[PDB]
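As structure tokens, the structure follows; a few thoughts come after it.
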Ligand SMILES: Nc1nc2c(ncn2[C@@H]2O[C@H](COP(=O)(O)OP(=O)(O)OP(=O)(O)O)[C@@H](O)[C@H]2O)c(=O)[nH]1
Ligand SMILES: Nc1nc2c(ncn2[C@@H]2O[C@H](COP(=O)(O)OP(=O)(O)OP(=O)(O)O)[C@@H](O)[C@H]2O)c(=O)[nH]1
Ligand SMILES: Nc1nc2c(ncn2[C@@H]2O[C@H](COP(=O)(O)OP(=O)(O)OP(=O)(O)O)[C@@H](O)[C@H]2O)c(=O)[nH]1
């Protein structure tokens, strides 16, 4: 799930025809120390002491737009008319669009 | 260029005469069926006499 | 590479797309079977058809379009037509139940269960394609099945896929002819839903299509085939840049960037100048100047808008055929000098020239003339607000006496949504003069 | 060397093994009589059959499988079939009394006096074998005679032979179809007995087997011949790595080592990508890119599971036919980038690739396609727990009102074994959730 | 009766109703029940699993 | 009528066949290029220039044969309709008489 | 163009001839229309001659 | 569209005085003609 | 696919469907015996909207016949097409109605509703997904009104998601023969307006004049009148079965028709009506068709809406036409009488064109009308009811059956409420 080195032109949506970015990647790791203890028994069972992703994931008005120049009051709703929907802001391919614009005077 | 022109010209007539033979065969089958129907009617004719 | 996808929603959108694909197979010399002659053009699907067809090692030119429908009636005989062998069987989306002219019925009752399937068709088209610049959406504002079903799909394709273009094509409602009085209900519903998502919406009206033909094509008795012939020519002309090169090549990306001035309003108007009968073409001469006069003659537009009642912002001309830069630049210079033509003082230049060597072809058993120099006129003017102005007084009376709502509230809406569209429109009309004001 | 033994238990397991053996003779061209043509392949029993058939100096290919049954009907009728001369008479282990759909009746009443005879078959087969990597157990969870009898034999073969693999294959109970109401009873009984002994259990469901049959194979009226042809193809594909070579060859040990994450749970899912009708294959094309999406397309899995409702741990693809490293390594790289594919972060790598050059062949009088590029997709995900969760809320009701128990306790059981199995399942579910929690 | 004005009030307080989640399969594929399809439902949502 | 229709079928079929082979050979030969093989020196001749036909006359032949088949099919359809009507009238008359 | 126009006119003449013969055939059917002709023969849909259809 | 509210108020009065003469329903279209 | 199951009610209906069904069989080219003669490809595939398949290429009608008197059923069975109808579909009772509405609505209905519902659901499960149902019956018919009002009520809750098409004939205003008929009609319409969604209005007196106008044949048979209405109901159903750029669903039509829910009553309009010389004296042109389509004499349903105004109008055109003429004809009539419509709705015209001509003529059409002309109909029956209820003539029968005057009170009141509905909208 990492980005490779140097030859970073052979793996892009250029061939994927991907229209929702795949996954953010990086090339950097802090120098890890640690005897990397084992904290389960036989089943992925975390020993009660150690923490996990504590059941975080377990398992339309949103659209791309720039505010540009459309009446402030209409634009203000649009921002709210974009957000306040975590059913489309959290997970499951990403569900998350972008935004831009500029204010008025 | 001249050879290509002649080739497409030939291809046209090929196509329509293809299709023409096709409908001729279909119509021949249709008259087969109707001839057989007349034969059956003639077969049925006899008894009332 | 350079390709795009066509979609045909509404039972009206299927016969027109049929003619378009019927037109498209001619210039490539496609036989109805699905294969070329013994001549060598087949492969992995890479030739003039690669942008349009998918002729893989199987040798069958597979068109890159999906025809979606909700009634088995009109979608079956085409599946028994002449090129049904060409068409991918499960690309021809059929249904068993109609939307009954109801946007919401198609948009809610039946839309959920079928969009997932067509989304599967979209993705399995998406994976096989390479560059896929945009989509070709063929619909209709008074969509009996077009209205509701197009909206939901263009929502779903927008939200998952937002980084490309989406090209929209619908018949505009006839200003004084209405084959349905619930047509204003969904039409404004479609418009307000599409303003914030649609990239490029292009309209057309059948009345003036008829009005043209008995004017100069001289046929007092055309047919839908004739109607579909003209519009199919329009989309053929705009895609000739993809099909053929020229002095310069232009793309839909340029069309989007250069045509729309500002957000919301993205509704230019098409036009095709050399509309004339074969006999009138026979003993007359065509040159750039007169067709440049003809293209801007007010009676040659398919949309009932007096251009003098409005003002121009953009004008795109796409010369397909044997032309030279000299006369056209001189001719357009004279056009700039004209006084009756009134672009906004805001735009110094609003002209996007397209040059294509290829003379447009006639269709066998057709009705058009034989043209050497053609031009397509996609343009946007302020004379269009009257149409929506026509719609609102039509709609404002109707909603006050709220006819037919018993059906709409009867299957699961309320009046708030109908409220939104009116101030949505009231925004569009009020914006139209504000930008119309210099 | 590289050979194994197959076992066919339950009256369901008897036709399926036959069709597999029927299939197996085709790719080797074996005649029904038992001998090859004048061409030379016989010997001391050493050729492509040496792993499957025993064609000794007698010249007759003897399949290395045992058909065990408790009712003479189906076992005798196949003994009068077409290949009965090939088969070993008392390898066709018949019975005169049924298990009466009762696990323990099959497990206790009659299995005692028959297993020893079957054990003699095992050892007399074991001694002649050389490599004897493992076994191919064909059974069913709702085994009318499979459930009880497969359990007892598995126990005895586990205790005497614990150094080799045991490969299990059972029709998973139909989630919404229950041809028996004791079918849950014995199914949970089978599960709890097998969790601590079975090596690799692979399931499949008939309802989805039909679902493709009319979806892409387009048969509204197929029969078990088609169904056994499908599964016979599946086991043929997994044995192709044994039968032939490729870019790389993989053995059952590698799968076992690479499929099961952690002990107990050894239940992955099978899927075969190029499933299509012949005529649809006729004018279309197949390559790695599209078949990759289809095999991971959620509706192509023969198990009623949504991968989006779960998360991936293991996935195995075995490519049988003409493929190249370049596209496949790129194509899988596409899948890793895919967002819908939600593997557990525990495994950055969760794929096992098997390349086999051999194009899969058609069977005469068959219904399959003409496959050059094939892949069977073996995978394991967290979305499987619903099936067992479906069984327990089924099972808990009946057990609370203790239906049909008067039979089971009547012929020799009590509630303790029933009591034990439920918390084992309750253990499995929380285990399935604890692995699902990261 | 100003039944004209009633019809306004009839649809003004008409609220709305609901559809039913059902799916389709094929060319002429029928209206296959999505709801509890047994294929892609929300099955694991009850306080009885595992515990 | 059957006999006549089958004869016309055969004639148009043989001409179609001939255009098929000539088209195939033309396409196969057209693939030639200057550097490739299938490149041979011969002496010239007069059958190289032998004269037998002209394109407009050939098209005349084709169109005339087309017309022949067209008219024969028309006649067949007419005869079929006449037969059906005759059958109808016969049945009705017999019915009334027996009643 | 002229040749196309010339054959265009011929199609016009032929479809005139086509649409004409449709009319006379349509006229013929109306002449033989049973509803128009009101023949007293088809009223005897009964099996026995002594009994009629009411 | 206007940069300054002063130009906004300058524009609206310029069209308000020119309202009736101008064509178009919103009275922004051009009277023109000889 | 979507399909329709038909219901055959009333003793008049016993004739109605009989003529209606044989027209369909003759239109589609099936013999009286039932063995279809393959002649037109298009009619072959779209026959399953109405007919199921039987062995030997026999197309079983999916219609149910119901009555009380065996003799009529014996007659329709002994007809030229009685063989194509099923003995299964022949459900009936062994009693005489007295043609009493209450007896057919409360007494005789009770022991037959169970049986008849089984047959329809047997037929309903025989098919997959319907548009809805249509009923041939009469509002003035004694036994038909009793059965239908029961059946329509039961099927409502059974399938509240389908099309409850109704076809009823309005008795002659000048004379009703049955003197208790207005009692029968007013009772039936009370539930009918409650239950129905679509209803056709048909009058014999108009049909009698049409015989005097275009048939010109002096003495017809009642079946000849049925032949006309069967042609009309066939023409509207041609849109479903046949291809062409016109949308078929009655709901697609219905959503184009009904301004407000209480609008269920609709009037027909039909295609060239021609007399002896005029068959060879007519130049069949869309103008002269369209002229004839909106002729004050061409109407046949109730009366002249010249008295009233036109709410919604829909004409479907069957033949080789095109969008242009129907557009200009629509413009011509729109300019012909712009004021004769209502200002409440402009563009109240709904157009569809069927490209498949009928067997017998090329260019045809059908019209369905919603105007303000029905007021004359029920204002007539209004005083009829009041005058007879003024002195409760012929009432001891219904009280003996178990009926009371209070039922009449809301029935007329509901009727009166609908009368105010028509005007206060229009006026
Ligand atoms: N572009 C185009 N429009 C048409 C054509 N024929 C009719 N139209 C108009 O386009 C509209 C199409 O909308 P609908 O009538 O709802 O068609 P639909 O949604 O596909 O399905 P239906 O409701 O069954 O008709 C119609 O109202 C016509 O006015 C055509 O051939 N091409
Ligand atoms: N794999 C397979 N399954 C089948 C076949 N025919 C039926 N089945 C199903 O598989 C199940 C077989 O389990 P059982 O009924 O217990 O069969 P059994 O254990 O061999 O013995 P019995 O109790 O006699 O039937 C049946 O319930 C059927 O639903 C078949 O031909 N092949
Ligand atoms: N069959 C038939 N019915 C007719 C005819 N003319 C008028 N009708 C009327 O159509 C109505 C409907 O028939 P049904 O509902 O079956 O009649 P009913 O319930 O038995 O009661 P009645 O009206 O007394 O016959 C009858 O009431 C007749 O008044 C005709 O010529 N033939």
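Quick check of the header: electron microscopy, 6.5 Å.
Just so you know, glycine gets a Cβ as well, placed from its N, Cα and C.
What Swiss-Prot records for C:254 is active site, and it gives similarity to another entry as the kind of evidence. A simple way to gauge crowding: the CB of residue C:254 (active site) has 14 other CB atoms within 10 angstroms, across all the protein chains here.
Listed in sequence order, C:15, C:16, C:18, C:19, C:20 are the same-chain residues six or more apart from residue C:228 (GTP binding site) with CB atoms under 8 A from its CB. The GTP binding site annotation in Swiss-Prot covers C:11, C:71, C:140, C:144, C:145, C:179, C:206, C:228.
With a 10 A radius on its CB, residue C:71 (GTP binding site) counts 23 other CB atoms from all the protein chains. Under the heading Mg(2+) binding site, Swiss-Prot lists C:71.
Per Swiss-Prot, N6-acetyllysine is recorded for C:40. The Cβ neighbour count for residue C:40 (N6-acetyllysine), using a 10 Å radius and every protein chain shown, is 9.
Annotation source Swiss-Prot lists phosphoserine at C:48. Residue C:48 (phosphoserine) falls within neither a helix nor a strand when secondary structure is assigned with DSSP, and so counts as coil. Around residue C:48 (phosphoserine), taking its Cβ as the centre, 14 other Cβ atoms fall within 10 Å, counting all chains.
Just so you know, the Cβ of residue C:83 (3'-nitrotyrosine) picks up 18 other Cβ atoms within 10 Å once every protein chain is counted. Residue C:83 (3'-nitrotyrosine) falls outside any helix or strand according to DSSP and counts as coil. The 3'-nitrotyrosine annotation in Swiss-Prot covers C:83, and the record cites similarity to another entry as its basis.
Positions annotated as phosphotyrosine by Swiss-Prot, on the basis of similarity to another entry: C:432. Other C-beta atoms found within 10 angstroms of the C-beta of residue C:432 (phosphotyrosine) number 21, with every protein chain shown included.
Under 8 Å from some Cβ of the motif 'MREC motif' (C:1-4) lie the Cβ atoms of residues 50-52, 64, 129-136, 167, 242, 251-252, all in the same chain and six or more residues away from its ends. For C:1-4, the entry in Swiss-Prot reads motif 'MREC motif'.
In three-state terms derived from DSSP, residue C:228 (GTP binding site) belongs to a helical segment.
Under the DSSP three-state reduction, residue C:206 (GTP binding site) is assigned to helix. Neighbour counts were taken at the CB atom with a 10 A radius for the binding-site residues C:140, C:145, C:179, C:206; the maximum falls on C:145. By the rule that a residue counts when its Cβ sits under 6 Å from some atom of ligand 1, the recorded positions C:40, C:206, C:254, C:432 yield nothing. Of all the recorded positions in the record (C:40, C:83, C:254, C:432), the one with the smallest CA separation from residue C:145 (GTP binding site) is C:83.
Residue C:144 (GTP binding site) has a Cβ environment of 29 other Cβ atoms inside 10 Å. On its own chain, residue C:11 (GTP binding site) has C:69, C:70, C:71, C:73, C:74, C:75, C:144, C:145, C:146 as residues at least 6 apart in sequence with a Cβ closer than 8 Å to its own Cβ. Filtering the recorded positions C:40, C:71, C:144, C:206 for a Cβ under 8 angstroms from any Cβ of chain I leaves C:71, C:144, C:206, in order along the sequence. Of all the recorded positions in the list C:48, C:140, C:179, C:206, C:432, the shortest Cα-Cα distance to residue C:40 (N6-acetyllysine) is found for C:48.
Distance between Cα atoms for residue C:206 (GTP binding site) and residue C:432 (phosphotyrosine): 25 Å, as a whole number. As a summary of secondary structure, the motif 'MREC motif' (C:1-4) carries 0 helix, 1 strand, 3 coil according to DSSP.
A separation of roughly 31 Å, to the nearest angstrom, links the Cα atoms of residue C:179 (GTP binding site) and residue C:83 (3'-nitrotyrosine).
Checked against residue C:254 (active site), the recorded positions C:48, C:83, C:140, C:432 differ in C-alpha distance, with C:48 being the nearest. Rounded to a whole value, the Cα-Cα separation of residue C:432 (phosphotyrosine) and residue C:140 (GTP binding site) is 23 Å.
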